[PDB]
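Every chain is numbered from 1 and lettered A, B, ... according to where its sequence line falls, protein lines coming before strand lines. Any value given below was found using the heavy atoms of this structure, including those in side chains, with hydrogens, waters and symmetry copies removed.
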Amino acid sequence: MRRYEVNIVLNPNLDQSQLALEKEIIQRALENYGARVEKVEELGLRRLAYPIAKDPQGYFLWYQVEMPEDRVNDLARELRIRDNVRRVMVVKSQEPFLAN
Amino acid sequence: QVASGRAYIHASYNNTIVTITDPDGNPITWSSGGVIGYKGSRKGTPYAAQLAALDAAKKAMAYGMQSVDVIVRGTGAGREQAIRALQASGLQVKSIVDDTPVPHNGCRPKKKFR
Amino acid sequence: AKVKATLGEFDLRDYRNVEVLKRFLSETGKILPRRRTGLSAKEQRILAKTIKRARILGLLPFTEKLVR
Amino acid sequence: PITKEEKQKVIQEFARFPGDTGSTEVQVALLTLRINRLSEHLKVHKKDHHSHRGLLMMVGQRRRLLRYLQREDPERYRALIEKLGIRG
RNA sequence: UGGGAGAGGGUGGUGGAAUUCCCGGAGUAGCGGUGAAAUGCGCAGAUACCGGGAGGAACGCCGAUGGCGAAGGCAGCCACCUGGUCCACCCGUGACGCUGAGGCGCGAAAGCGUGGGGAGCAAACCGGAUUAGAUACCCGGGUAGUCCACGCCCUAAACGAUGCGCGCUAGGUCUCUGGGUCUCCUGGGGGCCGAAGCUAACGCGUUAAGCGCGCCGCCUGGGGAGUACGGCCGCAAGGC
Ligand SMILES: [Mg+2]
Ligand SMILES: [Mg+2]
Ligand SMILES: [Mg+2]
Ligand SMILES: [Mg+2]
Ligand SMILES: [Mg+2]
Ligand SMILES: [Mg+2]
Ligand SMILES: [Mg+2]
Ligand SMILES: [Mg+2]
Ligand SMILES: [Mg+2]
Ligand SMILES: [Mg+2]
Ligand SMILES: [Mg+2]
Ligand SMILES: [Mg+2]
Ligand SMILES: [Mg+2]
Ligand SMILES: [Mg+2]
Ligand SMILES: [Mg+2]
Ligand SMILES: [Mg+2]
Ligand SMILES: [Mg+2]
Ligand SMILES: [Mg+2]
Ligand SMILES: [Mg+2]
Ligand SMILES: [Mg+2]
Ligand SMILES: [Mg+2]
Ligand SMILES: [Mg+2]
Ligand SMILES: [Mg+2]
Ligand SMILES: [Mg+2]
Ligand SMILES: [Mg+2]
Ligand SMILES: [Mg+2]
Ligand SMILES: [Mg+2]
Ligand SMILES: [Mg+2]
Ligand SMILES: [Mg+2]
Ligand SMILES: [Mg+2]
Ligand SMILES: [Mg+2]
Ligand SMILES: [Mg+2]
Ligand SMILES: [Mg+2]
Ligand SMILES: [Mg+2]
């Protein structure tokens, strides 16, 4: 029962239908690993500083999830098997630290 | 043939090698300190680098090229001289860029470099 | 002429705020020291950790070629 | 880790009077909980020597507390070790 | 009970820079190396350049007179398991403490055993220079090893060359990290200068090498010698 932020970067040249298919697979993994969603952001297509899979752009997704700790390493692994998933990074949610 | 190319300058502490490439990086011609009749430590002098750059640029003009983008790798003695010789040889030098490869704490150096 | 000085309030742990975080990089894509920036030591530690996170995510660069 | 709930359950279980949090019995019980969990961790992480030093410190502290309790109240000492399964 | 900082430790993943190798392209007369060269490599097409692939090892900037740890030591990033420690509240127990001959555990590097791995580097080794000679310093190569798992070895300028605990004795200044009444005060670390005092002097000086108490270890001229013999430990090297 702890909070995490899940960042996913996918193929940028993926159509709407395949994008929704991969979204449903991501949701299926999330439910299969006991994660509860609290917020979702979809920033879309962004230009990367360096090529990833020889591709200069990436499609981004950002989920706020709550799950038991012991499954976190498993879920991420399931998220890395798909050939269209370029990057998966799961971090522990942290309170904002403010300058000035 | 092409009027736009790239100029790679590889200036080690022992020699300066200049290559002219097509916009796809395929070389057209090259010249070094040994191509002019220098051997040994004289290959590392700034004047040898100036001559090598002038020779490579002259061959490039003989091929019919007018502008080159300059890429410099290494910190040898003949670096600035070669760059300046390219600047004043008859070629339009649009930009100069530094691209010397440095590891992000990678392989163990040789003893002389430790 | 300090990066911290010429900015408003922002999260130091935010690893998606590319526009703000890129101000804390040199021309070649290197993290600035405390001299250039003006943050405290703890703030600099947080900034470095977030910059590395954003580098891994593919937003900020690892290195950029020096241009004269 | 050890959450507040199980710790409070132990504290209520072993306390003499309701407002008691620092008696010998409660300290021994909390040390035994920590020692059991740490030994379970070390059974898998064999090369975790730095944590094993802390385990040694805990065992020594519990030994001192048990010696004091036995020297000041043998009946309480025997009841506590019987309830905790310490002897061995 | 509520909070904090941290390269503290163990396990599983994965990011890019760079070296090397292989494939393809393009291209030619040398490259490399030094004080100067030579060995070497290269027209059987090297060096320099571009693209693709594979693999191993180490983590640039941040970064520090910084931080953590009992010591040895610890540095990309993410997740999990886990140790220590600090502050505030002044809540509970009620002297439950300190030290510690033996014992047990940990303990850099190198080294040893059985499997794996092997890019770079590199004891031994080969060659080139240098030199009176050069079993070296410099250069070109090169095997163990360096890496991983498990098991041994147990040493060091393992150093602050300063055992641990507690109390007392002017200050000033820099810094990390907490609390507050956030000018400033009050805790905990890390440095510099200095009261009194101490010291053979150098220097130390609230982080004592000052003033005291408790417990442990060690010394008694140099060499012979950390040697021999005996004993114990180790596969061996060798250790005590
Ligand atoms: Mg030379
Ligand atoms: Mg040949
Ligand atoms: Mg070739
Ligand atoms: Mg290989
Ligand atoms: Mg340590
Ligand atoms: Mg500790
Ligand atoms: Mg009280
Ligand atoms: Mg009473
Ligand atoms: Mg005492
Ligand atoms: Mg004794
Ligand atoms: Mg050892
Ligand atoms: Mg060492
Ligand atoms: Mg070793
Ligand atoms: Mg071995
Ligand atoms: Mg020799
Ligand atoms: Mg001679
Ligand atoms: Mg050699
Ligand atoms: Mg070699
Ligand atoms: Mg070898
Ligand atoms: Mg030491
Ligand atoms: Mg000593
Ligand atoms: Mg002494
Ligand atoms: Mg002692
Ligand atoms: Mg202090
Ligand atoms: Mg001070
Ligand atoms: Mg001082
Ligand atoms: Mg002093
Ligand atoms: Mg001082
Ligand atoms: Mg003395
Ligand atoms: Mg005497
Ligand atoms: Mg002996
Ligand atoms: Mg003997
Ligand atoms: Mg034996
Ligand atoms: Mg010896």
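Side-chain atoms of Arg73(B) stay outside donor-acceptor range of the base of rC49(E), with no qualifying N/O pair under 3.5 Å. A donor N or O paired with an acceptor N or O is found under 3.5 Å between the base of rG72(E) and the side-chain atoms of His50(D). Residue-to-nucleotide contacts include no donor-acceptor pair under 3.5 Å from the side chain of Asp20(D) to the base of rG92(E).
A canonical Watson-Crick pair (purine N1 to pyrimidine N3 plus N6-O4 or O6-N4) or a G-U wobble (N1-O2 and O6-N3), each contact under 3.5 Å, is present between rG167(E) and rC211(E). No Watson-Crick or G-U wobble pair links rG8(E) with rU220(E) with both defining distances under 3.5 Å. A canonical Watson-Crick pair (purine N1 to pyrimidine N3 plus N6-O4 or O6-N4) or a G-U wobble (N1-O2 and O6-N3), each contact under 3.5 Å, is absent between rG165(E) and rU11(E).
When the side chain to side chain donor-acceptor pair (under 3.5 Å) test is applied to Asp98(B), the partners found at least two apart in sequence or on another chain are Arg79(B). Under the rule for a side chain to side chain donor-acceptor pair (under 3.5 Å), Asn73(A) has no partner lying at least two apart in sequence or in another chain.
A close approach under 4.0 Å does not occur between any side-chain nitrogen or oxygen of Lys39(B) and OP1 or OP2 of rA37(E). Dashed line: the shortest gap from a side-chain N or O of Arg53(C) to OP1 or OP2 of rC78(E) is under 4.0 Å. Taking side-chain N and O atoms only, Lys42(C) has no distance below 4.0 Å to OP1 or OP2 of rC176(E). In this model, the phosphate group of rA58(E) is not approached by any side-chain N or O of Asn105(B) to a distance below 4.0 Å at OP1 or OP2. Regarding contacts with the backbone of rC80(E), a side-chain N or O of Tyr4(A) is found under 4.0 angstrom from either OP1 or OP2. Using a 4.0 Å cut-off, no side-chain N or O of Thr21(B) falls inside it from OP1 or OP2 of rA26(E). Between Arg80(A) and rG13(E) there is no side-chain polar atom (N or O) within less than 4.0 angstrom of OP1 or OP2.
The side chain to side chain contact (heavy atoms under 4.5 Å, CB included) test with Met67(A) is passed by exactly one of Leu30(A), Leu75(A), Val90(A): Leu75(A).
Look at the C1' atom in both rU99(E) and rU114(E): the space between them is 46 Å, to the nearest Å. Across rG63(E) and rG6(E), the matching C1' atoms stand 15 Å from one another, rounded to whole Å. Comparing the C1' positions of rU155(E) and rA136(E) gives a spacing of 29 Å, expressed to the nearest Å. Atom name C1', nucleotides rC49(E) and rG33(E): the rounded distance is 23 Å, in whole Å. Straight-line distance between the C1' atoms of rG51(E) and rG15(E): roughly 22 Å, to the nearest whole Å. Spacing of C1' atoms, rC74(E) relative to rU173(E), comes out at 31 Å, to the nearest Å. Here, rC211(E) and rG224(E) have their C1' atoms 45 Å apart, quoted to the whole Å.
A 3.5 Å limit on both hydrogen-bonding distances identifies no Watson-Crick or G-U partner for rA75(E). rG55(E) makes up no base pair with any nucleotide shown, lacking Watson-Crick or G-U wobble contacts both under 3.5 Å.
With centroids closer than 5.5 Å and planes inclined by less than 30 degrees as the test, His104(B) and the base of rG60(E) pass as a stacked pair.
Taking only side-chain atoms of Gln27(D), from C-beta outward, the nucleotide of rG8(E), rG92(E), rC81(E) with the closest atom is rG92(E). Among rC49(E), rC62(E), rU28(E), the nucleotide with an atom closest to any side-chain atom of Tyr63(B) is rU28(E).
Looking at heavy-atom distances under 4.0 Å, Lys46(D) makes no contact with the nucleic acid at all.
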